[PDB]
$ cat input.cif   # mmCIF, C-alpha atoms and all ligand atoms
data_my_file
#
loop_
_atom_site.label_atom_id
_atom_site.label_comp_id
_atom_site.auth_asym_id
_atom_site.auth_seq_id
_atom_site.Cartn_x
_atom_site.Cartn_y
_atom_site.Cartn_z
CA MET F 1 -22.65 -14.11 -16.91
CA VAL F 2 -21.23 -11.47 -19.25
CA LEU F 3 -19.10 -8.39 -18.65
CA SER F 4 -19.68 -5.19 -20.59
CA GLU F 5 -16.88 -3.67 -22.66
CA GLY F 6 -16.71 -0.91 -20.06
CA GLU F 7 -16.07 -3.44 -17.30
CA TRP F 8 -13.40 -5.20 -19.37
CA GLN F 9 -11.72 -1.84 -19.92
CA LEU F 10 -11.47 -1.28 -16.17
CA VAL F 11 -10.00 -4.76 -15.72
CA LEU F 12 -7.42 -4.41 -18.49
CA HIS F 13 -6.48 -0.89 -17.44
CA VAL F 14 -5.31 -1.94 -13.98
CA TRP F 15 -3.86 -5.15 -15.41
CA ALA F 16 -1.63 -3.02 -17.65
CA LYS F 17 -0.10 -1.60 -14.45
CA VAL F 18 0.39 -5.08 -12.99
CA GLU F 19 2.29 -6.01 -16.15
CA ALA F 20 4.94 -3.37 -15.43
CA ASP F 21 6.19 -5.75 -12.71
CA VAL F 22 4.78 -9.25 -13.10
CA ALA F 23 7.31 -10.93 -10.80
CA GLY F 24 6.75 -8.45 -7.97
CA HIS F 25 2.97 -8.74 -8.09
CA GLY F 26 3.25 -12.52 -8.14
CA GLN F 27 5.30 -12.52 -4.95
CA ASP F 28 2.89 -10.16 -3.18
CA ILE F 29 -0.09 -12.28 -4.19
CA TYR F 30 1.46 -15.54 -3.00
CA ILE F 31 2.57 -14.07 0.32
CA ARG F 32 -0.94 -12.70 0.89
CA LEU F 33 -2.48 -16.06 -0.02
CA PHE F 34 -0.19 -18.16 2.17
CA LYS F 35 -0.45 -15.85 5.18
CA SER F 36 -4.24 -15.53 5.01
CA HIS F 37 -4.93 -19.17 4.13
CA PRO F 38 -1.94 -21.31 5.25
CA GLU F 39 -3.69 -24.50 4.16
CA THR F 40 -3.16 -23.54 0.51
CA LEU F 41 0.61 -23.79 0.93
CA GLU F 42 0.25 -27.53 1.56
CA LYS F 43 -0.81 -28.01 -2.06
CA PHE F 44 2.65 -26.96 -3.29
CA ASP F 45 5.07 -29.84 -2.74
CA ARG F 46 7.94 -27.61 -3.88
CA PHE F 47 7.16 -24.77 -1.46
CA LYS F 48 5.37 -26.28 1.53
CA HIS F 49 8.60 -26.14 3.55
CA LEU F 50 8.73 -22.32 3.57
CA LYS F 51 8.19 -21.15 7.16
CA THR F 52 8.23 -17.34 7.00
CA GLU F 53 7.42 -14.41 4.73
CA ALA F 54 11.16 -13.77 4.56
CA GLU F 55 11.80 -17.23 3.11
CA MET F 56 8.93 -16.74 0.66
CA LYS F 57 10.35 -13.45 -0.63
CA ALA F 58 13.77 -15.06 -1.05
CA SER F 59 12.48 -18.08 -2.98
CA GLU F 60 13.54 -17.78 -6.61
CA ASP F 61 11.36 -20.76 -7.50
CA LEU F 62 8.27 -19.20 -5.92
CA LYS F 63 8.94 -15.99 -7.84
CA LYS F 64 9.17 -17.90 -11.12
CA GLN F 65 5.96 -19.76 -10.32
CA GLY F 66 4.15 -16.49 -9.67
CA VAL F 67 5.18 -15.20 -13.08
CA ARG F 68 3.77 -18.33 -14.75
CA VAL F 69 0.50 -17.91 -12.87
CA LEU F 70 0.01 -14.23 -13.64
CA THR F 71 1.00 -14.73 -17.27
CA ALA F 72 -1.64 -17.44 -17.64
CA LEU F 73 -4.28 -15.34 -15.89
CA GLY F 74 -3.39 -12.29 -17.97
CA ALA F 75 -3.84 -14.27 -21.18
CA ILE F 76 -7.29 -15.34 -20.01
CA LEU F 77 -8.37 -11.83 -19.01
CA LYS F 78 -7.24 -10.44 -22.37
CA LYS F 79 -9.63 -12.82 -24.14
CA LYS F 80 -12.48 -10.86 -22.53
CA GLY F 81 -14.61 -13.94 -21.88
CA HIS F 82 -13.65 -15.94 -24.99
CA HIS F 83 -11.28 -18.12 -22.99
CA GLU F 84 -12.48 -21.68 -23.68
CA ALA F 85 -9.17 -22.82 -25.20
CA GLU F 86 -7.04 -21.31 -22.43
CA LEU F 87 -9.17 -22.82 -19.67
CA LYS F 88 -8.97 -26.45 -20.84
CA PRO F 89 -5.36 -27.25 -19.93
CA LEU F 90 -5.57 -25.19 -16.75
CA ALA F 91 -8.72 -26.96 -15.58
CA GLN F 92 -7.30 -30.38 -16.37
CA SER F 93 -4.06 -29.87 -14.47
CA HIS F 94 -5.64 -28.23 -11.44
CA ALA F 95 -8.45 -30.76 -11.12
CA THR F 96 -6.53 -33.94 -11.96
CA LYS F 97 -2.90 -33.34 -11.04
CA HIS F 98 -2.88 -30.62 -8.37
CA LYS F 99 -6.38 -31.23 -6.98
CA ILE F 100 -7.26 -27.61 -6.24
CA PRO F 101 -10.77 -27.03 -4.80
CA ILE F 102 -12.86 -24.10 -6.05
CA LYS F 103 -12.62 -22.67 -2.53
CA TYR F 104 -8.88 -22.16 -3.03
CA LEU F 105 -9.50 -20.35 -6.32
CA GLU F 106 -11.72 -18.02 -4.31
CA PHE F 107 -8.90 -17.48 -1.83
CA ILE F 108 -6.39 -16.52 -4.52
CA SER F 109 -9.00 -14.22 -6.11
CA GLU F 110 -9.24 -12.45 -2.75
CA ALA F 111 -5.45 -12.13 -2.59
CA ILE F 112 -5.35 -10.65 -6.10
CA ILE F 113 -7.96 -8.05 -5.20
CA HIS F 114 -6.14 -7.21 -1.96
CA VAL F 115 -2.83 -6.62 -3.73
CA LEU F 116 -4.33 -4.53 -6.53
CA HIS F 117 -6.18 -2.42 -3.95
CA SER F 118 -2.91 -1.87 -2.05
CA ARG F 119 -0.66 -1.11 -5.02
CA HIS F 120 -3.01 0.66 -7.44
CA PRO F 121 -5.57 2.66 -5.45
CA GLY F 122 -5.89 5.28 -8.17
CA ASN F 123 -6.77 2.63 -10.74
CA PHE F 124 -8.68 0.36 -8.42
CA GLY F 125 -11.61 2.35 -7.10
CA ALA F 126 -14.97 0.75 -6.31
CA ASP F 127 -16.10 0.41 -9.92
CA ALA F 128 -12.78 -1.08 -11.03
CA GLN F 129 -12.79 -3.54 -8.12
CA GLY F 130 -16.33 -4.56 -8.99
CA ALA F 131 -15.26 -5.21 -12.57
CA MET F 132 -12.22 -7.25 -11.51
CA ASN F 133 -14.36 -9.26 -9.10
CA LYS F 134 -16.83 -9.96 -11.92
CA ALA F 135 -14.01 -11.10 -14.22
CA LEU F 136 -12.63 -13.43 -11.55
CA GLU F 137 -16.10 -14.78 -10.76
CA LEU F 138 -16.58 -15.57 -14.46
CA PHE F 139 -13.21 -17.32 -14.46
CA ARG F 140 -14.15 -19.40 -11.41
CA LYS F 141 -17.61 -20.20 -12.80
CA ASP F 142 -16.21 -21.50 -16.07
CA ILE F 143 -13.40 -23.43 -14.37
CA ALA F 144 -15.93 -25.01 -12.01
CA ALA F 145 -18.00 -26.12 -15.00
CA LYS F 146 -14.94 -27.72 -16.59
CA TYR F 147 -14.05 -29.38 -13.28
CA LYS F 148 -17.44 -31.11 -13.34
CA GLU F 149 -16.96 -32.26 -16.94
CA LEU F 150 -13.55 -33.65 -15.97
CA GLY F 151 -14.94 -35.62 -13.03
CA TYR F 152 -13.70 -33.44 -10.16
CA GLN F 153 -16.17 -32.00 -7.64
CA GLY F 154 -13.73 -29.26 -6.67
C1 LIG F 201 -5.32 -17.38 -10.46
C2 LIG F 201 -5.70 -18.88 -10.57
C3 LIG F 201 -4.56 -19.78 -11.00
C4 LIG F 201 -3.88 -19.81 -12.18
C5 LIG F 201 -4.03 -18.94 -13.42
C6 LIG F 201 -2.90 -20.87 -12.06
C7 LIG F 201 -2.00 -21.21 -13.06
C8 LIG F 201 -1.03 -22.19 -12.99
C9 LIG F 201 -0.10 -22.51 -14.06
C10 LIG F 201 -0.05 -21.82 -15.39
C11 LIG F 201 0.66 -23.53 -13.60
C12 LIG F 201 1.78 -24.26 -14.33
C13 LIG F 201 1.27 -25.35 -15.33
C14 LIG F 201 0.23 -26.21 -14.87
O1 LIG F 201 0.58 -27.09 -13.99
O2 LIG F 201 -0.96 -26.12 -15.23
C15 LIG F 201 0.21 -23.83 -12.26
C16 LIG F 201 0.73 -24.81 -11.42
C17 LIG F 201 0.29 -25.14 -10.12
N1 LIG F 201 -0.77 -24.55 -9.50
FE1 LIG F 201 -1.89 -23.04 -10.18
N2 LIG F 201 -2.97 -21.50 -10.83
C18 LIG F 201 -3.99 -20.84 -10.17
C19 LIG F 201 -4.40 -21.15 -8.88
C20 LIG F 201 -3.88 -22.11 -8.06
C21 LIG F 201 -4.27 -22.32 -6.67
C22 LIG F 201 -5.31 -21.48 -5.95
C23 LIG F 201 -3.54 -23.36 -6.23
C24 LIG F 201 -3.48 -24.04 -4.85
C25 LIG F 201 -3.64 -23.27 -3.50
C26 LIG F 201 -2.70 -23.80 -7.33
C27 LIG F 201 -1.80 -24.86 -7.28
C28 LIG F 201 -0.85 -25.17 -8.26
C29 LIG F 201 0.20 -26.17 -8.09
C30 LIG F 201 0.36 -26.99 -6.85
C31 LIG F 201 0.91 -26.15 -9.24
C32 LIG F 201 2.12 -26.94 -9.65
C33 LIG F 201 3.44 -26.16 -9.18
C34 LIG F 201 4.63 -26.87 -9.36
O3 LIG F 201 5.00 -27.25 -10.50
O4 LIG F 201 5.36 -27.13 -8.35
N3 LIG F 201 -2.90 -23.03 -8.45
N4 LIG F 201 -0.83 -23.01 -11.90
#

$ encode --input "input.cif" --output "structure tokens"
Amino acid sequence: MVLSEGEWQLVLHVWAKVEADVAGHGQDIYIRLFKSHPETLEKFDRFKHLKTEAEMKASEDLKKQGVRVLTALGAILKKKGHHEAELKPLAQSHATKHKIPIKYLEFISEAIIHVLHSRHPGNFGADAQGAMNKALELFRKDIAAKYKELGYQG
């Protein structure tokens, strides 16, 4: 699949707003992910002990992790589809070390869309959401392909 320049513009326009507060968006996304799909928390040995949203918001380590995640995703989105190099290390670690199924990548994609919709309604109308969904679907499609090459069914 391929996004048009117009669709990429919608994606990068709202992403520019996210970048005004990377740490805050990361926390919101994780909290949404862990509350909606608790099973995903079990994959994080360093955070699986967190019991409440309050503890999650107070975790300095979780905040730092969120920044790393959004920074990596932002770098990929900014490549506008030409992300082969960026995807390699990410696919290898998540398939071989962390063992993250594609289903969980779908769950975090849902959390990202939920948070953007909540925080940036003016820059996340129907067309913008459609573009972001398309960008995330492309990301998941390419990661899934790499997973297969690496020997992980995902
Ligand atoms: C938006 C998609 C995602 C991106 C861009 C992303 C990115 C990253 C990055 C950059 C790291 C640090 C370096 C590395 O180990 O590769 C990382 C670590 C990790 N990721 Fe992800 N990730 C994503 C989704 C997920 C999901 C959905 C899960 C599981 C529910 C997950 C589980 C982990 C774990 C367990 C670690 C290691 C954390 C630690 O060091 O304690 N990731 N991720």

$ residues_near_ligand --input "input.cif" --ligand "ligand LIG 201 (chain F)" --cutoff "10 Å" --atoms "all atoms listed in the file" --output "JSON, numbers by chain"
{"F": [29, 30, 33, 34, 37, 38, 39, 40, 41, 42, 43, 44, 45, 46, 47, 48, 61, 62, 65, 66, 67, 68, 69, 70, 71, 72, 73, 74, 75, 76, 86, 87, 88, 89, 90, 91, 92, 93, 94, 95, 97, 98, 99, 100, 101, 102, 103, 104, 105, 106, 107, 108, 109, 110, 111, 112, 136, 139, 140, 143]}

$ write_last_selection --input "input.cif" --atoms "C-alpha atoms" --output "PDB file, in the coordinates of the input"
ATOM      1  CA  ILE F  29      -0.090 -12.280  -4.190  1.00  0.00           C
ATOM      2  CA  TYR F  30       1.460 -15.540  -3.000  1.00  0.00           C
ATOM      3  CA  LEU F  33      -2.480 -16.060  -0.020  1.00  0.00           C
ATOM      4  CA  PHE F  34      -0.190 -18.160   2.170  1.00  0.00           C
ATOM      5  CA  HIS F  37      -4.930 -19.170   4.130  1.00  0.00           C
ATOM      6  CA  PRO F  38      -1.940 -21.310   5.250  1.00  0.00           C
ATOM      7  CA  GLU F  39      -3.690 -24.500   4.160  1.00  0.00           C
ATOM      8  CA  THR F  40      -3.160 -23.540   0.510  1.00  0.00           C
ATOM      9  CA  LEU F  41       0.610 -23.790   0.930  1.00  0.00           C
ATOM     10  CA  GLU F  42       0.250 -27.530   1.560  1.00  0.00           C
ATOM     11  CA  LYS F  43      -0.810 -28.010  -2.060  1.00  0.00           C
ATOM     12  CA  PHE F  44       2.650 -26.960  -3.290  1.00  0.00           C
ATOM     13  CA  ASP F  45       5.070 -29.840  -2.740  1.00  0.00           C
ATOM     14  CA  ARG F  46       7.940 -27.610  -3.880  1.00  0.00           C
ATOM     15  CA  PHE F  47       7.160 -24.770  -1.460  1.00  0.00           C
ATOM     16  CA  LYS F  48       5.370 -26.280   1.530  1.00  0.00           C
ATOM     17  CA  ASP F  61      11.360 -20.760  -7.500  1.00  0.00           C
ATOM     18  CA  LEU F  62       8.270 -19.200  -5.920  1.00  0.00           C
ATOM     19  CA  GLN F  65       5.960 -19.760 -10.320  1.00  0.00           C
ATOM     20  CA  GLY F  66       4.150 -16.490  -9.670  1.00  0.00           C
ATOM     21  CA  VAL F  67       5.180 -15.200 -13.080  1.00  0.00           C
ATOM     22  CA  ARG F  68       3.770 -18.330 -14.750  1.00  0.00           C
ATOM     23  CA  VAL F  69       0.500 -17.910 -12.870  1.00  0.00           C
ATOM     24  CA  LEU F  70       0.010 -14.230 -13.640  1.00  0.00           C
ATOM     25  CA  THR F  71       1.000 -14.730 -17.270  1.00  0.00           C
ATOM     26  CA  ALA F  72      -1.640 -17.440 -17.640  1.00  0.00           C
ATOM     27  CA  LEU F  73      -4.280 -15.340 -15.890  1.00  0.00           C
ATOM     28  CA  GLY F  74      -3.390 -12.290 -17.970  1.00  0.00           C
ATOM     29  CA  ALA F  75      -3.840 -14.270 -21.180  1.00  0.00           C
ATOM     30  CA  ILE F  76      -7.290 -15.340 -20.010  1.00  0.00           C
ATOM     31  CA  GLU F  86      -7.040 -21.310 -22.430  1.00  0.00           C
ATOM     32  CA  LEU F  87      -9.170 -22.820 -19.670  1.00  0.00           C
ATOM     33  CA  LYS F  88      -8.970 -26.450 -20.840  1.00  0.00           C
ATOM     34  CA  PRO F  89      -5.360 -27.250 -19.930  1.00  0.00           C
ATOM     35  CA  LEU F  90      -5.570 -25.190 -16.750  1.00  0.00           C
ATOM     36  CA  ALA F  91      -8.720 -26.960 -15.580  1.00  0.00           C
ATOM     37  CA  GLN F  92      -7.300 -30.380 -16.370  1.00  0.00           C
ATOM     38  CA  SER F  93      -4.060 -29.870 -14.470  1.00  0.00           C
ATOM     39  CA  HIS F  94      -5.640 -28.230 -11.440  1.00  0.00           C
ATOM     40  CA  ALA F  95      -8.450 -30.760 -11.120  1.00  0.00           C
ATOM     41  CA  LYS F  97      -2.900 -33.340 -11.040  1.00  0.00           C
ATOM     42  CA  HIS F  98      -2.880 -30.620  -8.370  1.00  0.00           C
ATOM     43  CA  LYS F  99      -6.380 -31.230  -6.980  1.00  0.00           C
ATOM     44  CA  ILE F 100      -7.260 -27.610  -6.240  1.00  0.00           C
ATOM     45  CA  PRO F 101     -10.770 -27.030  -4.800  1.00  0.00           C
ATOM     46  CA  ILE F 102     -12.860 -24.100  -6.050  1.00  0.00           C
ATOM     47  CA  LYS F 103     -12.620 -22.670  -2.530  1.00  0.00           C
ATOM     48  CA  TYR F 104      -8.880 -22.160  -3.030  1.00  0.00           C
ATOM     49  CA  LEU F 105      -9.500 -20.350  -6.320  1.00  0.00           C
ATOM     50  CA  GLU F 106     -11.720 -18.020  -4.310  1.00  0.00           C
ATOM     51  CA  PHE F 107      -8.900 -17.480  -1.830  1.00  0.00           C
ATOM     52  CA  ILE F 108      -6.390 -16.520  -4.520  1.00  0.00           C
ATOM     53  CA  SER F 109      -9.000 -14.220  -6.110  1.00  0.00           C
ATOM     54  CA  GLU F 110      -9.240 -12.450  -2.750  1.00  0.00           C
ATOM     55  CA  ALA F 111      -5.450 -12.130  -2.590  1.00  0.00           C
ATOM     56  CA  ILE F 112      -5.350 -10.650  -6.100  1.00  0.00           C
ATOM     57  CA  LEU F 136     -12.630 -13.430 -11.550  1.00  0.00           C
ATOM     58  CA  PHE F 139     -13.210 -17.320 -14.460  1.00  0.00           C
ATOM     59  CA  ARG F 140     -14.150 -19.400 -11.410  1.00  0.00           C
ATOM     60  CA  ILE F 143     -13.400 -23.430 -14.370  1.00  0.00           C
TER      61      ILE F 143
END

$ atom_distance --input "input.cif" --atom1 "atom CA of residue 125 of chain F" --atom2 "atom CA of residue 113 of chain F"
11.2 Å

$ atom_distance --input "input.cif" --atom1 "atom CA of residue 59 of chain F" --atom2 "atom CA of residue 27 of chain F"
9.3 Å

$ atom_distance --input "input.cif" --atom1 "atom CA of residue 131 of chain F" --atom2 "atom CA of residue 64 of chain F"
27.6 Å

$ closest_residue --input "input.cif" --among "F:154, F:63, F:141, F:84" --to "residue 26 of chain F" --atoms "only C-alpha atoms"
F:63

$ axis_aligned_box --input "input.cif" --around "segment 8-13 of chain F" --padding-each-side "5 Å" --output "AutoDock Vina command-line options"
--center_x -9.9 --center_y -3.0 --center_z -17.8 --size_x 16.9 --size_y 14.3 --size_z 14.2

$ closest_residue --input "input.cif" --among "F:22, F:14, F:77, F:54" --to "residue 135 of chain F" --atoms "only C-alpha atoms"
F:77
